[PDB]
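Student: Pasting a structure here, questions to come.
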Amino acid sequence: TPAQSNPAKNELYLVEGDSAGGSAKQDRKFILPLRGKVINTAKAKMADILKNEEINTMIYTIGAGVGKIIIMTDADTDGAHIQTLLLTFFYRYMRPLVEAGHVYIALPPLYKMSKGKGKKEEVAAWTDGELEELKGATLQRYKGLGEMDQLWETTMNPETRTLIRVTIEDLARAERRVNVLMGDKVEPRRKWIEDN
Amino acid sequence: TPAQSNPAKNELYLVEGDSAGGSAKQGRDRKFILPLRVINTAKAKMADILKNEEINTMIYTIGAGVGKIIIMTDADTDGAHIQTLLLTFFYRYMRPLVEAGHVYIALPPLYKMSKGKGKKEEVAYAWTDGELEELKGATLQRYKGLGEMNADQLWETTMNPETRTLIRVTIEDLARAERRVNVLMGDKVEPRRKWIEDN
Amino acid sequence: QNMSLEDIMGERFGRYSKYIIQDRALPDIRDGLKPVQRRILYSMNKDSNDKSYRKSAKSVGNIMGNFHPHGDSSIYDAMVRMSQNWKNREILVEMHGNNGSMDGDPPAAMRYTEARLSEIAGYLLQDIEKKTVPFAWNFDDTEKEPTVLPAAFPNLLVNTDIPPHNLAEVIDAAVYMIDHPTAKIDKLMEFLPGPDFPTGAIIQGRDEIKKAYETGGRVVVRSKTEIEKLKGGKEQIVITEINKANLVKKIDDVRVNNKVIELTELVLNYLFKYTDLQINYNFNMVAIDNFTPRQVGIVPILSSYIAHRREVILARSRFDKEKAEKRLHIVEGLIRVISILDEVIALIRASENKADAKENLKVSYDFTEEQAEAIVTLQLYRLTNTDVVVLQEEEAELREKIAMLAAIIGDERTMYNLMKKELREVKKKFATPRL
Amino acid sequence: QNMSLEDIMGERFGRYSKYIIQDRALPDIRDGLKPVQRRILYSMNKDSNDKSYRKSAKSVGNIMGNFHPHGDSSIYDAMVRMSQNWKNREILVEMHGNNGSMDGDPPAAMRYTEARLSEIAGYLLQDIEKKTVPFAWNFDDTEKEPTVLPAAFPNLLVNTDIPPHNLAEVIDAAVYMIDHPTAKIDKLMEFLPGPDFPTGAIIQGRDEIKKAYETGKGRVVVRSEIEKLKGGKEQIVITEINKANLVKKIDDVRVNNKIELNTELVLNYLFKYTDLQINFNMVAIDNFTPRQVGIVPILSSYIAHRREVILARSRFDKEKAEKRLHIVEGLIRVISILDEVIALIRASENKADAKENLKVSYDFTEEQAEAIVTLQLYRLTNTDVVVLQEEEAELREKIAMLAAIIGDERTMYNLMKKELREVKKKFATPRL
DNA sequence: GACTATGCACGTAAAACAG
DNA sequence: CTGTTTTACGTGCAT
DNA sequence: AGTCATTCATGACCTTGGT
DNA sequence: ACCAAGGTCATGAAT
Ligand SMILES: COc1c(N2C[C@@H]3CCCN[C@@H]3C2)c(F)cc2c(=O)c(C(=O)O)cn(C3CC3)c12
Ligand SMILES: COc1c(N2C[C@@H]3CCCN[C@@H]3C2)c(F)cc2c(=O)c(C(=O)O)cn(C3CC3)c12
């Protein structure tokens, strides 16, 4: 389940599903496909979490335990719930990991632009206000870490994308993470979508 | 893996893949069933065959061993290799089974004909060759293999046993074990290339 | 530059936000189709499925690459769901080849099933044709996709939880609500005494439902149980939106633990509350109205769906009307043209180009482009303009409909008389018994 | 009645027969596409795929329910196969999204991959358009399906086993064979010294191949860097096999102590045992009948296969012209009396009434009469007064040539040359 | 969304065959 | 601890 | 061509909880 | 072994 590799710069990219972790394992590790939706930490029991191969396999690779790990999702709003949890999975447990702040959440491409139908003319992480900088040609829109060699546009230049996480967290934020994700009493969640 | 059931008439229908054995287990208009999802007997070793869950699960259900089991394929020429083998699998081992001749090989439908687009007007034929002529203005079908037949329809080969089936093996004898070691199983290649002189 | 460090107070607020508006993939108060549905009913349209049974692979594939980025079997799987008669009242898609037993039956992959849009199925997608419900963009940005199919059959309360209620009772109330707007929940339950399930049988909770219809509660539901006497002198009481997958063994569990089935009538009473052979039900009236997720009730739902059609009909009006106008105008023109077919057939020869010819119809006329067009797009066939007297007749034929349609536009009262005759119409054709 | 008892001497003869003609699902001596292939290249056509990358689900789905009853993943799976550059020479379909490593890589289901018909891909399906190759019926009996796509690029020997041989060498021989029919296998190997593999490198067996090219059976050979590292150590490492087991196979030698870590004899041990330097079975279907052939047959039938493709594209395109010059030839005439004609077509009667009545003031035929009536008042501006005249010669030239390709055995091949040369160049490949 | 057995042929590298 | 036969492993298209 | 775990919510039926 | 809290299992549309 891992993807091979001297902890000179850490280096541990966390992909979504064997298509991604397959596309990735095929250009820049100084990899471990996380399969399906991970467990909601604050959503069950500690014994619970120890039974889950997703929590297990994770903490196996790289020691740590309770007492550059890049995390690669997609664009899917489906792909967020898989950012959302993992961070909680990196947070409630493995605090210092992101307390140090060594963990970072990779910045995939949005809309690639094309042109010549034989001369090849490609481009490249916000198809909103960003995309305007780029008729007569062609476009695309990126459907999630998979349909992407190209992969070294988020792969083989680490800083060319990534985003460093957790900076100056603190407290009163553990308030929101037991509010938003995990598993509140429902009441709170229905409630955070007053800003929705 | 079986499909439930007093050996009053034997009764054991052998389908192809859990789609069929699923369509059948629902259409049990006639279980007085087990999905087969097979090894070429004369193609390996006895130890071999004992290792294969397909030989195993088979001989499990119903005792017998070495010393009305209807078998339901499709129309697929793919679906034959699964007639071809099983019979060898019913033959080289479990001889008397078909030596008695208690086993039969089910006669699925070929081309179903349709008509009214709301009044429902269906048919049936087990040979869309010379048979089909007995049946413009209407519509037709062609049957793609034991599956696309709903569970209800399925009682057209299901809930009238004799309405279809075909009894097997009758007056075999010897000099036929000659051809079955020639045709299927696993000859030396030479023989097989050779039987397609009548092909 | 590995830039942009951010707060987990930040990023877990922003991601989780995206994902929560992905919980308006839930049934709308109008269509009552939850998008992964809406889209499979449209793609089976657009592709023309009264015809023969089209495989699946193609069907799902085509759903799955034009209107739905997500999984294959996620897509189709959901489709099978709409195939299961014992899941809906009107099955909004008919397939063939092992739909799947109430007896815990895994249905077979796309590789085997053939399907096709179903009768009542027609209904909902029964007027996408025109500029009816407002259609949006593809994700690929290729085709366009509709945002809630306009809907004949009130899929919403005839199918967040909302239990079946039977076209029969639904369009019946539907009727009432219209001609009488302000209505009490007690007088409207007269039409829908309760939810009909495919496996209805018996549902208990008159006062429990009654309140629930505005509150948006808990009912009750009993099995199809039989009392009869076998031979030799023994008891024969056996069984004919639950699940037969666990009640089959659940019966035989009672016997296995000898703690209480054609083998005392108080005895049936034990299983009839513990063996899950008379469970149920709950109700959780919850959809999306005003593009915003809300709990509603028997009055809202019918309320918005009345309003949802108010604007379907209004559209089918405003449109079909404009299509006529546009026709009566080249008819109105071609008639005229008859008068001087000779002169016209004249300068269109000695004219010059194509675009040269229409312009030059500034003289000997005052026709417009769309006027001029067909006068030049004609073909020497129709120069046999037999419509000499007919076209005259059209001027009144097509002007009648443009009199009616535009009348539906100001006529609030006539409007509903439409939505009646129609709803009554399904009431009858695709009408259901009771349960 | 449970009727019809039968001999297992009977039934096992008759079933097994059906199944064995299901072993002419094997590459044809012409297309060199094995049906499950042929059909995916056509369905990706018919649907128009130079355009954008169309998902898969739709692509396979559509292959899978119009031309192929069998599995989904059986279908698509095989498609992926045609995506793998390191599997063919000309990859007859380009996809994007994890084709699959030489490093033992499971490709992802239809749910992810997007694909599209490939450059050289074009080639083969490059003239289905007309009544070229003879097309048969659907299984559903819905559309019709072609029985061997006509083929520009000699997929057959450029791709029962037949190893790559490189468009370069192939059309080069192809050339020779034509203008010189009877040829020896030795003079023709001059053009194709051997099969090129995507991972060619080194292939040994000059006398072994030479004989094999007529015998259609034999065995060749195939071989897999020398440099000096720092500090004074040996650095000899590696750059149609499989890298899935050679990765560990190297490290197996080390594990059993029996690779930039200094005897050159050492490399010799691995280079024959470690599978780091590990046949041919010329076999297809010709004359709708499964046969072994060789370098001469294959080119022999494919020459003949085009002989009849070209002849078709002749006989057809010719007939399409005839049919055009005839309503041109007609409409010209009609100009002369546009006035009179524009006449009775008014006072005529019906539609079908109007064309008939063009028995008088003319002798035109139906197809003649048609467009004279199907016309539109636009074209009554019949500017072609003088042009159409010109067409009579434009379209009559081509009907002079095409029909000339019909008797001209010698001119014919000069076609099949210029074309085959044409791919030789455009979709031309280096060497290996 | 990757596990898994098998047939169909035919090569051959890796186990079992004896004393 | 040999040299032999024998055995399983691999590959595309199906089930 | 089935296998398998989990999210997300919400309920009734079973597993612990203590002595 | 009571009666109560906690624990599980299940259901559609996704990964
Ligand atoms: C067994 O569920 C699935 C899994 N897995 C969950 C399992 C347990 C944990 C360890 N991993 C396995 C793999 C997966 F990885 C992908 C899909 C999937 O793509 C899909 C579809 O829409 O096509 C449908 N399903 C199921 C709903 C049928 C998928
Ligand atoms: C794993 O192979 C398959 C099996 N099985 C073989 C396994 C080992 C023995 C015990 N049974 C399982 C089931 C099956 F039953 C059906 C299909 C199938 O339909 C299909 C396709 O064309 O869609 C493709 N494949 C594979 C080529 C991908 C199938």
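Labels used: A, B, ... for chains in the order of the structure tokens, numbers from 1 for residues in each chain, and numbers from 1 for ligands as shown.
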Quick one: residues within 12 Å of residue 5 in chain E, only C-alpha atoms (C1' of nucleotides), excluding same-chain residues fewer than 6 positions away - as a PyMOL selection string?

Tutor: (chain B and resi 37-39+51-55) or (chain F and resi 15)

Student: Within 6 Å of ligand 2, counting only C-alpha atoms (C1' of nucleotides) and all ligand atoms, which protein or nucleic acid residues do you find, written as a PyMOL selection string?

Tutor: (chain D and resi 71-74) or (chain E and resi 4-5) or (chain G and resi 1)

Student: Would you output that residue set with N, CA and C atoms (P, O5', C5', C4', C3', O3' and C1' of nucleotides), as a short mmCIF file (atom, residue, chain, number, x, y, z; two decimals), in the first residue's frame?

Tutor:
```cif
data_model
loop_
_atom_site.label_atom_id
_atom_site.label_comp_id
_atom_site.auth_asym_id
_atom_site.auth_seq_id
_atom_site.Cartn_x
_atom_site.Cartn_y
_atom_site.Cartn_z
N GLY D 71 -18.52 -8.22 -22.21
CA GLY D 71 -18.38 -7.46 -20.97
C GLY D 71 -18.16 -6.00 -21.27
N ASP D 72 -18.45 -5.13 -20.30
CA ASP D 72 -17.92 -3.77 -20.28
C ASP D 72 -16.38 -3.79 -20.16
N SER D 73 -15.88 -4.19 -19.00
CA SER D 73 -14.45 -4.06 -18.72
C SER D 73 -13.64 -4.97 -19.62
N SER D 74 -14.26 -6.04 -20.11
CA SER D 74 -13.71 -6.84 -21.21
C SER D 74 -13.49 -5.96 -22.44
P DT E 4 -4.98 -11.42 -6.09
"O5'" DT E 4 -6.02 -12.63 -6.20
"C5'" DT E 4 -6.70 -13.07 -5.04
"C4'" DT E 4 -8.02 -13.70 -5.43
"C3'" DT E 4 -7.93 -14.57 -6.67
"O3'" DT E 4 -7.67 -15.91 -6.28
"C1'" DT E 4 -9.82 -13.09 -6.80
P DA E 5 -6.70 -16.82 -7.17
"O5'" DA E 5 -7.74 -17.68 -8.01
"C5'" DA E 5 -8.82 -18.33 -7.35
"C4'" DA E 5 -9.60 -19.13 -8.37
"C3'" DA E 5 -8.72 -20.03 -9.24
"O3'" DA E 5 -9.37 -21.27 -9.48
"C1'" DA E 5 -9.91 -18.54 -10.62
P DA G 1 -22.60 -12.64 -14.60
"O5'" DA G 1 -22.16 -11.74 -13.35
"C5'" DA G 1 -20.77 -11.48 -13.12
"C4'" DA G 1 -20.56 -10.80 -11.78
"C3'" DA G 1 -21.00 -9.35 -11.70
"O3'" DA G 1 -22.35 -9.28 -11.25
"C1'" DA G 1 -18.86 -9.69 -10.61
#
```

Student: List as a ChimeraX atom specification the protein and nucleic acid residues near residue 109 in chain B, meaning an atom at most 10 Å away when only C-alpha atoms (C1' of nucleotides) are counted, but skip any in the same chain fewer than 3 places from it.

Tutor: /B:74-75,106,112,123-128,142-146,149,154,156-157,164

Student: Create the file for the chosen residues now, containing C-alpha atoms and written as a short mmCIF file (atom, residue, chain, number, x, y, z; two decimals), in the first residue's frame.

Tutor:
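Below is the file that was written, out-v2.cif:
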```cif
data_model
loop_
_atom_site.label_atom_id
_atom_site.label_comp_id
_atom_site.auth_asym_id
_atom_site.auth_seq_id
_atom_site.Cartn_x
_atom_site.Cartn_y
_atom_site.Cartn_z
CA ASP B 74 -27.09 -19.14 -22.43
CA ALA B 75 -26.88 -18.85 -26.20
CA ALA B 106 -31.83 -26.65 -20.47
CA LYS B 112 -38.95 -13.33 -28.53
CA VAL B 123 -44.07 -14.82 -27.76
CA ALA B 124 -41.12 -17.23 -27.80
CA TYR B 125 -38.98 -19.44 -30.02
CA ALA B 126 -36.05 -21.75 -29.21
CA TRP B 127 -34.81 -21.68 -32.80
CA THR B 128 -34.71 -18.34 -34.61
CA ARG B 142 -32.90 -11.72 -30.04
CA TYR B 143 -31.87 -13.32 -26.75
CA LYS B 144 -28.38 -12.39 -25.55
CA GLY B 145 -28.00 -15.08 -22.90
CA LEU B 146 -29.61 -16.34 -19.70
CA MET B 149 -35.01 -12.45 -19.31
CA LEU B 154 -37.78 -16.88 -16.67
CA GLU B 156 -40.74 -19.93 -19.71
CA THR B 157 -37.67 -22.11 -19.15
CA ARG B 164 -37.94 -27.00 -22.54
#
```

Student: Any residue with an atom at most 10 Å from ligand 1 counts, using only C-alpha atoms (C1' of nucleotides) and all ligand atoms. Which are they? Put them as a PDB file with C-alpha atoms (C1' of nucleotides), in the first residue's frame.

Tutor:
```pdb
ATOM      1  CA  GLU A  16      -7.120  10.154  -2.862  1.00  0.00           C
ATOM      2  CA  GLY A  17      -7.918   6.690  -4.202  1.00  0.00           C
ATOM      3  CA  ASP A  18      -5.737   4.303  -6.186  1.00  0.00           C
ATOM      4  CA  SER A  19      -6.335   6.246  -9.402  1.00  0.00           C
ATOM      5  CA  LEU A  34      -5.910   6.878   1.052  1.00  0.00           C
ATOM      6  CA  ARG A  35      -8.803   4.825  -0.327  1.00  0.00           C
ATOM      7  CA  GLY A  36     -12.267   5.901   0.802  1.00  0.00           C
ATOM      8  CA  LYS A  37     -13.665   8.516   3.162  1.00  0.00           C
ATOM      9  CA  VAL A  38     -11.708   8.376   6.455  1.00  0.00           C
ATOM     10  CA  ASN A  52      -9.956   1.387  11.038  1.00  0.00           C
ATOM     11  CA  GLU A  53      -7.303   0.474   8.469  1.00  0.00           C
ATOM     12  CA  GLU A  54      -7.305   4.097   7.315  1.00  0.00           C
TER      13      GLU A  54
ATOM     14  CA  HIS C  70     -19.395  11.142 -10.375  1.00  0.00           C
ATOM     15  CA  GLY C  71     -19.163   7.349 -10.313  1.00  0.00           C
ATOM     16  CA  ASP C  72     -20.536   4.994 -12.942  1.00  0.00           C
ATOM     17  CA  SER C  73     -22.105   2.504 -10.526  1.00  0.00           C
ATOM     18  CA  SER C  74     -22.943   5.434  -8.254  1.00  0.00           C
ATOM     19  CA  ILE C  75     -24.997   6.727 -11.188  1.00  0.00           C
ATOM     20  CA  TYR C  76     -26.592   3.530 -12.493  1.00  0.00           C
ATOM     21  CA  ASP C  77     -26.903   2.002  -9.031  1.00  0.00           C
ATOM     22  CA  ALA C  78     -29.213   4.902  -8.216  1.00  0.00           C
TER      23      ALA C  78
ATOM     24  CA  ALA D 109     -11.908   2.023 -14.417  1.00  0.00           C
ATOM     25  CA  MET D 110     -13.953   3.823 -17.067  1.00  0.00           C
ATOM     26  CA  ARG D 111     -14.822   6.349 -14.358  1.00  0.00           C
ATOM     27  CA  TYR D 112     -11.572   8.271 -14.741  1.00  0.00           C
TER      28      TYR D 112
ATOM     29  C1'  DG E   1     -12.386   0.244  -7.182  1.00  0.00           C
ATOM     30  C1'  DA E   2      -8.604  -3.178  -6.671  1.00  0.00           C
ATOM     31  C1'  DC E   3      -8.796  -8.534  -4.805  1.00  0.00           C
TER      32       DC E   3
ATOM     33  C1'  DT G   3     -16.461  -8.795  -1.813  1.00  0.00           C
ATOM     34  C1'  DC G   4     -15.383  -5.081   1.468  1.00  0.00           C
ATOM     35  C1'  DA G   5     -15.426   0.393   5.075  1.00  0.00           C
ATOM     36  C1'  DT G   6     -17.318   5.155   5.886  1.00  0.00           C
TER      37       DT G   6
ATOM     38  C1'  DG H  12     -29.137   6.334  -0.667  1.00  0.00           C
ATOM     39  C1'  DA H  13     -26.075   8.811  -3.022  1.00  0.00           C
ATOM     40  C1'  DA H  14     -21.029   9.694  -2.865  1.00  0.00           C
ATOM     41  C1'  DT H  15     -15.451   8.232  -2.166  1.00  0.00           C
TER      42       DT H  15
END
```

Student: Please identify which residues in range 255-397 of chain D DSSP calls alpha helix (DSSP H) from the backbone, and express them as a VMD selection string.

Tutor: chain D and resid 255 264 to 273 295 to 336 338 to 344 352 to 356 366 to 374 384 to 397

Student: Within 12 Å of residue 14 in chain E, counting only C-alpha atoms (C1' of nucleotides), which residues show up once you throw out same-chain ones fewer than 2 positions away? Write them as JSON, numbers by chain, please.

Tutor: {"D": [273], "E": [12, 16], "F": [6, 7, 8, 9]}

Student: Once you count only C-alpha atoms, which residues of chain C turn out to be within 9 Å of chain B? Could you give them as a list in words?

Tutor: residues 50, 51, 96, 97, 98, 99, 100, 101, 103, 105, 106, 107, 108, 109, 112, 113 and 114 of chain C

Student: Just the number, please: distance in Å from CA of residue 70 in chain A to CA of residue 13 in chain A, one decimal.

Tutor: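 CA of residue 13 in chain A lies at a distance of 4.6 Å from CA of residue 70 in chain A.
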
Student: Kindly provide the residues of chain C that approach chain H to within 12 Å, each paired with its closest atom pair and their distance in Å to one decimal, based on only C-alpha atoms (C1' of nucleotides), listed by chain and increasing number, as CSV.

Tutor:
```
residue,atom,partner,partner_atom,distance
C:19,CA,H:14,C1',11.4
C:22,CA,H:14,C1',10.2
C:23,CA,H:13,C1',10.6
C:25,CA,H:13,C1',8.8
C:26,CA,H:13,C1',9.6
C:27,CA,H:13,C1',11.7
C:34,CA,H:13,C1',9.4
C:35,CA,H:13,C1',10.1
C:36,CA,H:13,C1',7.8
C:37,CA,H:13,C1',9.8
C:68,CA,H:14,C1',11.8
C:69,CA,H:14,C1',11.3
C:70,CA,H:14,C1',7.8
C:71,CA,H:14,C1',8.0
C:72,CA,H:14,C1',11.1
C:73,CA,H:14,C1',10.6
C:74,CA,H:13,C1',7.0
C:75,CA,H:13,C1',8.5
C:76,CA,H:13,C1',10.9
C:77,CA,H:13,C1',9.1
C:78,CA,H:13,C1',7.2
C:79,CA,H:13,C1',10.8
C:80,CA,H:12,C1',11.8
C:81,CA,H:12,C1',9.0
C:82,CA,H:12,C1',11.5
C:160,CA,H:12,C1',11.4
C:161,CA,H:11,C1',11.2
C:241,CA,H:11,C1',11.1
C:242,CA,H:11,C1',10.3
C:243,CA,H:10,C1',10.2
C:245,CA,H:10,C1',11.5
C:246,CA,H:10,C1',10.9
```

Student: Export N, CA, C and O atoms of the chosen residues as a short mmCIF file (atom, residue, chain, number, x, y, z; two decimals), in the first residue's frame?

Tutor:
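Result went into again.cif, see below:
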```cif
data_model
loop_
_atom_site.label_atom_id
_atom_site.label_comp_id
_atom_site.auth_asym_id
_atom_site.auth_seq_id
_atom_site.Cartn_x
_atom_site.Cartn_y
_atom_site.Cartn_z
N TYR C 19 -18.57 21.63 0.91
CA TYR C 19 -19.13 20.27 0.98
C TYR C 19 -20.56 20.28 1.47
O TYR C 19 -21.28 19.30 1.29
N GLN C 22 -23.04 20.93 -1.13
CA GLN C 22 -23.25 19.63 -1.76
C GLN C 22 -24.20 18.78 -0.92
O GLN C 22 -24.12 17.57 -0.92
N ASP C 23 -25.00 19.44 -0.10
CA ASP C 23 -26.14 18.81 0.55
C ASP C 23 -27.41 19.61 0.19
O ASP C 23 -28.36 19.68 0.98
N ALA C 25 -27.82 18.58 -3.06
CA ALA C 25 -28.21 17.36 -3.79
C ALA C 25 -29.22 16.56 -2.97
O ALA C 25 -28.97 15.41 -2.60
N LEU C 26 -30.35 17.22 -2.68
CA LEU C 26 -31.49 16.62 -1.99
C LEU C 26 -32.80 17.08 -2.62
O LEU C 26 -32.93 18.24 -3.00
N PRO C 27 -33.78 16.17 -2.69
CA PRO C 27 -35.06 16.35 -3.38
C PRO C 27 -35.61 17.76 -3.27
O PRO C 27 -35.71 18.27 -2.15
N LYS C 34 -33.93 14.30 -6.86
CA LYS C 34 -32.63 14.68 -6.33
C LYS C 34 -31.56 14.49 -7.41
O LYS C 34 -31.37 13.39 -7.90
N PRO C 35 -30.84 15.57 -7.75
CA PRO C 35 -30.16 15.77 -9.05
C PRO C 35 -29.66 14.49 -9.70
O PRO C 35 -29.97 14.25 -10.87
N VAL C 36 -28.90 13.68 -8.99
CA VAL C 36 -28.44 12.40 -9.53
C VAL C 36 -29.59 11.63 -10.16
O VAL C 36 -29.36 10.74 -10.98
N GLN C 37 -30.82 11.96 -9.74
CA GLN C 37 -32.04 11.48 -10.39
C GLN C 37 -32.39 12.37 -11.57
O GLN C 37 -32.25 11.95 -12.72
N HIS C 68 -23.16 14.28 -15.14
CA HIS C 68 -22.81 13.69 -13.86
C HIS C 68 -21.36 13.24 -13.91
O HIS C 68 -21.05 12.25 -14.56
N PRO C 69 -20.45 14.01 -13.29
CA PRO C 69 -19.02 13.66 -13.20
C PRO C 69 -18.77 12.41 -12.38
O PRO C 69 -17.81 11.69 -12.64
N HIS C 70 -19.63 12.16 -11.39
CA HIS C 70 -19.39 11.14 -10.38
C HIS C 70 -19.37 9.69 -10.89
O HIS C 70 -19.23 9.45 -12.09
N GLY C 71 -19.49 8.73 -9.98
CA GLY C 71 -19.16 7.35 -10.31
C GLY C 71 -20.06 6.87 -11.41
O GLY C 71 -21.13 7.44 -11.62
N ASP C 72 -19.64 5.82 -12.13
CA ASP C 72 -20.54 4.99 -12.94
C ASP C 72 -21.60 4.31 -12.07
O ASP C 72 -22.77 4.72 -12.06
N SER C 73 -21.18 3.33 -11.29
CA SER C 73 -22.10 2.50 -10.53
C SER C 73 -22.84 3.31 -9.46
O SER C 73 -23.93 2.94 -9.06
N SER C 74 -22.23 4.41 -9.01
CA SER C 74 -22.94 5.43 -8.25
C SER C 74 -24.14 5.96 -9.04
O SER C 74 -25.25 6.06 -8.51
N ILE C 75 -23.92 6.25 -10.32
CA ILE C 75 -25.00 6.73 -11.19
C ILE C 75 -26.04 5.64 -11.35
O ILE C 75 -27.10 5.68 -10.74
N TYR C 76 -25.68 4.64 -12.15
CA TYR C 76 -26.59 3.53 -12.49
C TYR C 76 -27.22 2.89 -11.25
O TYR C 76 -28.43 2.64 -11.21
N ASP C 77 -26.40 2.56 -10.28
CA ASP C 77 -26.90 2.00 -9.03
C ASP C 77 -28.17 2.75 -8.63
O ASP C 77 -29.20 2.14 -8.37
N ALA C 78 -28.08 4.07 -8.61
CA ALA C 78 -29.21 4.90 -8.22
C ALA C 78 -30.37 4.68 -9.17
O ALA C 78 -31.54 4.77 -8.77
N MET C 79 -30.05 4.40 -10.42
CA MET C 79 -31.07 4.16 -11.45
C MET C 79 -31.87 2.89 -11.15
O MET C 79 -33.08 2.94 -10.97
N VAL C 80 -31.19 1.75 -11.08
CA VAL C 80 -31.82 0.55 -10.55
C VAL C 80 -32.85 0.94 -9.48
O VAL C 80 -34.02 0.59 -9.55
N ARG C 81 -32.42 1.78 -8.54
CA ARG C 81 -33.29 2.21 -7.45
C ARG C 81 -34.64 2.67 -7.99
O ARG C 81 -35.67 2.36 -7.41
N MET C 82 -34.61 3.43 -9.08
CA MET C 82 -35.85 3.96 -9.65
C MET C 82 -36.57 2.87 -10.45
O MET C 82 -37.67 3.09 -10.97
N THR C 160 -34.13 14.17 5.77
CA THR C 160 -35.16 14.37 4.76
C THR C 160 -35.80 13.05 4.35
O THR C 160 -35.15 12.22 3.71
N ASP C 161 -37.07 12.87 4.72
CA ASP C 161 -37.84 11.70 4.31
C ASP C 161 -39.29 12.06 3.98
O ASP C 161 -39.92 12.82 4.72
N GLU C 241 -42.84 0.20 3.60
CA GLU C 241 -41.48 0.33 3.10
C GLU C 241 -40.47 -0.31 4.07
O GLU C 241 -39.73 0.39 4.75
N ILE C 242 -40.49 -1.64 4.12
CA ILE C 242 -39.60 -2.40 5.01
C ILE C 242 -38.58 -3.19 4.21
O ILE C 242 -38.10 -2.73 3.18
N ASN C 243 -38.25 -4.39 4.70
CA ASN C 243 -37.26 -5.23 4.04
C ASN C 243 -37.39 -6.70 4.42
O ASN C 243 -37.21 -7.07 5.57
N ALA C 245 -35.55 -9.04 3.89
CA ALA C 245 -34.23 -9.65 3.97
C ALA C 245 -33.96 -10.17 5.38
O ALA C 245 -33.27 -11.18 5.57
N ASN C 246 -34.51 -9.49 6.38
CA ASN C 246 -34.25 -9.84 7.77
C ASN C 246 -35.50 -10.32 8.51
O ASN C 246 -35.41 -10.74 9.66
#
```

Student: In Å, with one decimal, what is the gap from CA of residue 146 in chain D to CA of residue 300 in chain D?

Tutor: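 Computed distance, CA of residue 146 in chain D to CA of residue 300 in chain D, equals 21.9 Å.
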
Student: Quick one: which residues from chain D are at most 12 Å off chain E, using only C-alpha atoms (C1' of nucleotides), as a ChimeraX atom specification?

Tutor: /D:19-20,22-23,105-112,160-161,218-219,249,272-275,278-281

Student: So how far away is CA of residue 154 in chain D from CA of residue 240 in chain D, in Å?

Tutor: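 Going from CA of residue 240 in chain D over to CA of residue 154 in chain D, I get 19.3 Å.
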
Student: Applying 8 Å and only C-alpha atoms (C1' of nucleotides), which residues near residue 10 in chain A remain after dropping the ones on its own chain fewer than 6 positions away? List them as a list in words.

Tutor: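 Counting only the stated atoms, we get residues 30, 68 and 69 of chain A.
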
Student: Pull N, CA, C and O atoms from the residues just selected and write them as a PDB file, in the first residue's frame.

Tutor:
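What landed in part.pdb:
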```pdb
ATOM      1  N   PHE A  30      11.081  12.512  -2.421  1.00  0.00           N
ATOM      2  CA  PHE A  30      12.361  12.592  -1.729  1.00  0.00           C
ATOM      3  C   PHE A  30      12.681  11.318  -0.937  1.00  0.00           C
ATOM      4  O   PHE A  30      12.752  11.325   0.299  1.00  0.00           O
ATOM      5  N   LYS A  68       7.551  17.144   5.279  1.00  0.00           N
ATOM      6  CA  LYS A  68       6.642  17.426   4.169  1.00  0.00           C
ATOM      7  C   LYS A  68       5.639  16.290   3.927  1.00  0.00           C
ATOM      8  O   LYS A  68       5.748  15.543   2.951  1.00  0.00           O
ATOM      9  N   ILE A  69       4.647  16.177   4.811  1.00  0.00           N
ATOM     10  CA  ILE A  69       3.511  15.302   4.569  1.00  0.00           C
ATOM     11  C   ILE A  69       2.425  16.052   3.804  1.00  0.00           C
ATOM     12  O   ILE A  69       1.473  16.559   4.399  1.00  0.00           O
TER      13      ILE A  69
END
```
